[PDB]
Amino acid sequence: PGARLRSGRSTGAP
Amino acid sequence: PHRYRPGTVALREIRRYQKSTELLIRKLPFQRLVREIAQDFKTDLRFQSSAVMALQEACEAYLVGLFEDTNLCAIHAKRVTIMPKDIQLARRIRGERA
Amino acid sequence: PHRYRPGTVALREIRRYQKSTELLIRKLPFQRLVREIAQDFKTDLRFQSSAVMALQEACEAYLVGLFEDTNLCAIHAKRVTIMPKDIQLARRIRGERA
Amino acid sequence: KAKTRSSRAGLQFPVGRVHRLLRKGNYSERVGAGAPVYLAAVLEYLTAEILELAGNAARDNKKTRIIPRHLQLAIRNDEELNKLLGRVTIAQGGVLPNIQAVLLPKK
Amino acid sequence: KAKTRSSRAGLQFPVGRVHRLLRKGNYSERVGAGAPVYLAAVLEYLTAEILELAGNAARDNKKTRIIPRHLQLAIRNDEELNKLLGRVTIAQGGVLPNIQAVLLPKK
Amino acid sequence: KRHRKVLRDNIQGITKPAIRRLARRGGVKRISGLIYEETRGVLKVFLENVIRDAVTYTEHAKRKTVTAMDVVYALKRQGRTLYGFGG
Amino acid sequence: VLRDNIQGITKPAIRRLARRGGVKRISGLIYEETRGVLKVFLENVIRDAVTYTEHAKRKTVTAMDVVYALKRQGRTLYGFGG
Amino acid sequence: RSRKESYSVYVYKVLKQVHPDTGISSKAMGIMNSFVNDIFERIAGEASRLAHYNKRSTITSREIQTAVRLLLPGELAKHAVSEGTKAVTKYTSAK
Amino acid sequence: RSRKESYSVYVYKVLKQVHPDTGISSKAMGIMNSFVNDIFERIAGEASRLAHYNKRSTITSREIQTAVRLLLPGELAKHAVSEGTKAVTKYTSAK
DNA sequence: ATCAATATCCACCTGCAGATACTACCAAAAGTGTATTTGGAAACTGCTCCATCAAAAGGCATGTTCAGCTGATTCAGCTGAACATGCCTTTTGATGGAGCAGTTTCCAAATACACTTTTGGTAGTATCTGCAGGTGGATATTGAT
DNA sequence: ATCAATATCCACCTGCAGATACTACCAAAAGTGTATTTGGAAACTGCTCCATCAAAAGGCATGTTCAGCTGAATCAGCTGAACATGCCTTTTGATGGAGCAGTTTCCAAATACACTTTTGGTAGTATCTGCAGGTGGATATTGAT
Ligand SMILES: O=C(O)c1ccc(P(c2ccccc2)c2ccccc2)cc1
Ligand SMILES: [Au+]
Ligand SMILES: [Mg+2]
């Protein structure tokens, strides 16, 4: 729910 | 019957078009092309007539500039005939592409 | 007695220098050239260490870019040897003059 | 005894207007008394330079009225105006007559 | 009692600093409440994108510390970042391995 | 109402002769037959880029009409600054 | 054994720059032509930098002076501030 | 001995979210600083122009969003616009 | 009929000073207008930046002057600086 | 083919330069509470943009014909690549002081306000006039012979 | 270097389109001339970091030998220019219809502003370690034969 990149990875969770 | 040799009328045309400032693309075709491309981005668009003339003045000045650079690219290769590879090299060096 | 053929070391240098990022001009000659050129604009001038490095970084990146464009102009003309006319044409189409 | 800041400064170009445009354009918090006067003067200088040369191009082409072609000839034939305006298009300007030498005929 | 505008917006980038840099920057007289949130999110996104791809490039060279070379490889190997940064020099970045095909030896 | 007539293939209204004329102003003496299609492609790309920016200004303004000023701002952004149409 | 500062930009160094630029073969005229281009580049950037220095009533050209100069000459540099 | 601000602390956090095991050099951090400041100026710059063109005294989320559409290529714009709308959403929904 | 303002009046004065028997088309006047707005923005912009670069909140003739040295080439700068240094020095000692 | 010279590649090692981690101090972000400014919502213009159509120059499409340009081939001569050395220039590492920048102080200069005055825009009107577009007729250029 | 086909030049001669130049005219903006605020040049001084200068170290200047690239000459195939012929579509100049820009007036949100409370982010510092060297030995590459 943080930052979503183009590669399809996120930034963890909370 | 008496024919000009290849290149004589081409040089006549260069002298004539380099002397004048009139837009060289027909007005209505160019307006249709603007409306088509704009419509593909957003439906229900209208244009100030001066918007379309501004686009046409900007497009012609761009293509004229590009043909000068393209001609330098043909002449650098020891030709006098511009080819796609001359436009491509012009655009690559202008950093209009990778 | 073993000798590498023309262009084989050239390719090896290309692979080597495209792999690394070290500045390729010696620092002191560059510093001297900076200070010379600068003197003609204001005398008794000092330069931060980082100011000169900024200049060398910018100037080497510029020249490397220019050799790439220059190489394309040489290859354009069906050669593999860069010449003054290749640098000149690259500069012209980039709009650095003429 | 109302004097315009133009007349104080000896300028045709409006110092008032230029002060305002520096105000509404959010270039800085505050604008000095000098700034508008200096700017209005530079703008006036440059327009005088262009109109001198375009005037000459009009007269060369046996004409009394400066048109965009005369401004294009003026700008493009002057090394310094050409550099100042190197990324500008003058609507209805055309280009300079210029044929690459190799393209001309015969030996 | 105090919660950072960042912590509310779900961001690592400083919404407060961005708000101030917009004020002290003479961009406009006034600044909507959202504008610095959005701006700080955009800058965080683009930072993540670049650190993602630079991380990958670092890992690929058997490395755990990002260096400028890794930033240059990430950027120039991505059509979109390369366009965004087309007129930018990454100091100590070098270039991509690129030998024009016609320069390769015959056998 | 009337709904607009469908617009397709208008790039072909940039005729071979119109491209010859532009090439002549640009000092070109001889032209490969492949140049015409290459010029249409380069022109479409150039118009799409300037219109995309003009229409973006139109939409930001909450207008349905593309103004000369929208085009002039798009050309300036693109580093193709145009004099003669305001700004 | 004294020479110009420009010639301090030596054949082998220019040859290295070309090589990072992917050049295989180099005409001998390139070295002087390259020195010409290099001079103009540094002239144009150092002029604008020094104009920044003078404006700040300083006698020392900063990295920022250079970075600000590179930016407006359309050669934006990253890693020295700004 | 005066405060020299940077985005280093934030770049370092986003690095840890994205590559938890991965570090960053001083020179690399200088490039990332240059990066943020550059995109900051480009976006603020377009926003300022947009507002001036529309005779507005105010830069809102809407000027930032249009600025982003004008300045970022294709997918970068799309994703950036969505991260920006999302952060404004989350922030408006925060008592 | 909303008053839309231009530099026409002043361009035409300067035309009459340099070429007293010469006219200008509205198109040509349109161009001269574009030219003035353009050089205005370029100089104001350089000045804006110059002030920010030096943590100043005031654009003075000194910022304009440096902006002119950065924007104009050699000779145009020389002459432009003269006319602006003159116009100021006069405007000051005309009070 | 073979054979060797040299370049390149991967595993392991290890000292310290250049990271990450930690702390107290304060500039600058957030909190609260009035103080102003704005940017839709509604409600009307006239402007100007869409459309449609009729008549006629004006330019476009196409097919034919061959001049001469491109690009493939061959080849000679000159011009750059390679290379083996030592010396000369740069790089490295260790001190004096120029000058950047920290900072506080007070006034010359810029803002804020609200007057009065004048400029510059426009609408309307007329009033003039430069020049585009046309037409001959004298003159230059090109290409056959 | 003679000649004829055809483009080009230039000087006349119109009829407006577009320029100039009145108005009167007014509305917004520029100017005036105190009341209030403050930003920046001034002066002082401290403590970085820049210039200089003398041992440590490899990079470059050099001249020679020839591999192979560049460019010159030649030639044939075929692409692209010129131009004639047929006619479609653009240009031009109306008319009517309305969509929508562009204005101008209430404001209830929205953001600025002035002041206080709080803490995140900076700069010393204080540790921790990623990796640039270096070595050893296997294998790959290149070019001679
Ligand atoms: O945009 C580029 O980066 C670019 C690079 C090279 C070329 P030239 C080219 C010619 C020979 C070898 C290599 C390149 C080209 C392009 C199309 C057909 C034939 C030749 C054109 C563009
Ligand atoms: Au090519
Ligand atoms: Mg469509």
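Computed over heavy atoms, backbone and side chain alike; hydrogens, waters and symmetry mates excluded. Order of the sequence lines sets the chain letters (A, B, ...), proteins ahead of strands, with each chain counted from 1.
- With a 3.5 Å ceiling on both atom-pair distances, the Watson-Crick or G-U wobble partner of K/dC131 is J/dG15.
- By the 6.0 Å and 45° rule, C/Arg12 stacks over the aromatic ring of C/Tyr4.
- Within 4.0 Å (heavy atoms only), E/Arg23 reaches sugar-phosphate atoms of the nucleic acid but no base atom.
- Within 6.0 Å of atom NZ in C/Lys27, 12 or fewer heavy atoms from other residues, nucleotides or ligands are found, so the atom counts as exposed in its surroundings.
- No contact: B/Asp44 has no heavy atom under 4.0 Å from any strand.
- Judged by distance alone, the side chains of G/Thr62 and C/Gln48 never bring a donor and an acceptor atom under 3.5 Å apart.
- Counting only N and O atoms by type, the side chains of F/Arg30 and B/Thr81 include a donor and acceptor under 3.5 Å apart.
- Base pairing of J/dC60 is made with K/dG86, judged by Watson-Crick or G-U wobble geometry with both donor-acceptor distances under 3.5 Å.
- Base engagement by E/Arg30 is indicated by at least one non-hydrogen atom pair under 4.0 Å involving a base atom.
- Only C/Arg26, C/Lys27, C/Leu28, C/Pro29, C/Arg32, listed by number, bring a heavy atom of residues 25-32 of chain C to less than 4.0 angstrom from any atom of DNA chain J.
- Residue contacts for C/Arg79: at a heavy-atom cut-off of 4.0 Å it reaches the sugar-phosphate backbone alone, with no base atom in range.
- Applying the Watson-Crick and G-U wobble criteria (two distances, each under 3.5 Å), K/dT92 pairs with J/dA54.
- A negative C1'-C2'-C3'-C4' angle places the sugar of J/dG124 in the south (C2'-endo) family.
- Rounded to a whole angstrom, the distance from the P atom of J/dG18 to that of K/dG134 is 16 Å.
- The residue H/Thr58 sits close only to the backbone: its heavy atoms come under 4.0 Å of sugar-phosphate atoms, none of a base.
- Positionally, the nearest nucleotide of DNA chain J for H/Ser25 lies more toward the 5' end than for the other of F/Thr15 and H/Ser25.
- Remark: J/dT104 base-pairs with K/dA42. Criterion, Watson-Crick or G-U wobble with two distances under 3.5 Å.
- Atom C1' of K/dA67 sits at a distance of 13 Å from the matching atom of K/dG143, rounded to the whole Å.
- If you check the side chains of B/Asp86 and B/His76, you find no donor sitting under 3.5 Å from an acceptor.
- Here K/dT14 has a north sugar; its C1'-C2'-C3'-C4' angle has a plus sign.
- Across all strands shown, J/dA21 forms a Watson-Crick or G-U wobble pair with K/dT125, both key distances being under 3.5 Å.
- Among the protein residues, H/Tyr12 comes within range of the sugar-phosphate backbone only, with heavy atoms under 4.0 Å from sugar or phosphate atoms but none that close to a base.
- Other residues, nucleotides and ligands place more than 12 heavy atoms under 6.0 Å from the CZ atom of D/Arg59.
- Here the separation of K/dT105 from K/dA28, taken at their P atoms, is 10 Å to the nearest Å.
- Within the 4.0 angstrom heavy-atom criterion, only backbone atoms of the sugar-phosphate kind lie near B/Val80; the bases stay farther away.
- Within 4.0 Å (heavy atoms only), B/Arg16 reaches no atom of the nucleic acid at all.
- Below 30°, between 30° and 60°, or above 60°: for D/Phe13 and I/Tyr7 the angle between ring planes is below 30°, a parallel geometry.
- In this structure, D/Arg17 pairs ionically with I/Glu5, as a charged nitrogen and a carboxylate oxygen lie closer than 4.0 Å.
- No side-chain donor from either of F/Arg63 and F/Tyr57 sits under 3.5 Å from a side-chain acceptor of the other.
- Partner of H/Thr60 under the side-chain hydrogen bond (donor to acceptor under 3.5 Å, both in side chains) criterion, chosen from H/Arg62, H/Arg56, H/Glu63: H/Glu63.
- A negative value of the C1'-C2'-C3'-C4' torsion places the sugar of J/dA126 in the south (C2'-endo) family.
- Nucleotides K/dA17 and K/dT92 place their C1' atoms 16 Å apart, quoted to the nearest Å.
- Taking every nucleotide of DNA chain K with any atom under 4.0 Å from a non-hydrogen atom of chain I, the first and last of them, 5' to 3', are K/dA19 to K/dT103.
- Both G/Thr60 and E/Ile66 sit near DNA chain K, but only G/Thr60 has its closest nucleotide nearer the 5' end.
- For J/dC12, the sign convention on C1'-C2'-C3'-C4' gives a south pucker, since the angle is negative.
- Nucleic acid contact for G/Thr62: none, since no nucleic acid atom lies under 4.0 Å from a heavy atom of the residue.
- Residue H/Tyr10 is in sugar-phosphate contact alone, with no base atom involved, counting any heavy-atom pair closer than 4.0 Å across all strands shown.
- A pairwise comparison of heavy atoms in B/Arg46 and F/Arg4 identifies CG-NH2, 4.1 Å as the closest pair.
- The partner of J/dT74 is K/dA72, by the rule that a Watson-Crick or G-U pair needs both atom distances under 3.5 Å.
- Around NZ of D/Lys3, the count of heavy atoms belonging to other residues, nucleotides or ligands within 6.0 Å does not exceed 12.
- When heavy atoms are screened at a 4.0 angstrom cut-off, C/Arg15 is found touching no nucleic acid atom at all.
- The residue I/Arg62 sits apart from the nucleic acid: no heavy atom pair falls under 4.0 Å.
- The P atoms of J/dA140 and J/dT64 are separated by 41 Å, rounded to the nearest whole Å.
- Across all strands, E/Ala33 comes closer than 4.0 Å only to sugar-phosphate atoms, never to a base (heavy-atom distances).
- Within 4.0 Å of B/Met83, counting heavy atoms only, lie sugar-phosphate atoms of the nucleic acid but no base atom.
- Each of D/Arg65 and E/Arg65 was assigned the nucleotide of DNA chain J with the nearest heavy atom; the assignment lying further toward the 5' end belongs to E/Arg65.
- Using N1 to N3 plus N6-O4 or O6-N4 for Watson-Crick, or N1-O2 and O6-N3 for G-U wobble, each under 3.5 Å, J/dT117 pairs with K/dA29.
- In terms of position along DNA chain K, the nucleotide closest to D/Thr4 lies nearer the 5' end than the nucleotide closest to the other residue of the pair I/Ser57 and D/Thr4.
- Pucker assignment for J/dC115 gives north. The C1'-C2'-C3'-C4' angle has a positive sign.
- Figure legend. K/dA98 is base-paired to J/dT48; pairs are counted as Watson-Crick or G-U wobble with both atom distances under 3.5 Å.
- Under the rule of centres below 5.5 angstrom and planes below 30 degrees, the bases of K/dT38 and K/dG39 are not stacked.
- Counting only N and O atoms by type, the side chains of E/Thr4 and E/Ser6 include no donor and acceptor under 3.5 Å apart.
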